[PDB]
Amino acid sequence: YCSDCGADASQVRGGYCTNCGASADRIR
């Protein structure tokens with residue numbers, strides 16, 4: 001998941017969460 005917004009990890013692309021823009025580093 002994204003720690004900044006809670007979105008499912010499958011919504012990450014290009015080094016960012018595609019929902020809130022968090023850096024990849026924020027995924028857990």
Side-chain angles (χ1 to χ4, degrees):
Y1 68 97
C2 181
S3 71
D4 272 8
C5 88
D8 189 78
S10 69
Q11 301 181 241
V12 169
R13 300 278 195 292
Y16 301 95
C17 173
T18 56
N19 186 52
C20 83
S23 60
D25 170 79
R26 269 50 172 166
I27 307 304
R28 306 168 100 82

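Throughout, numbering of the chain's residues begins at 1 and tracks the sequence.
Judged as a side chain to side chain contact (heavy atoms under 4.5 Å, CB included), and not counting sequence neighbours, the contacts of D4 are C2, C20, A22, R26.
Of the possible donor and acceptor atoms, one in the side chain of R13 sits under 3.5 Å from a partner among the backbone N and O of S10.
To the nearest 0.5 angstrom, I27 atom CD1 is 9.5 Å from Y1 atom OH.
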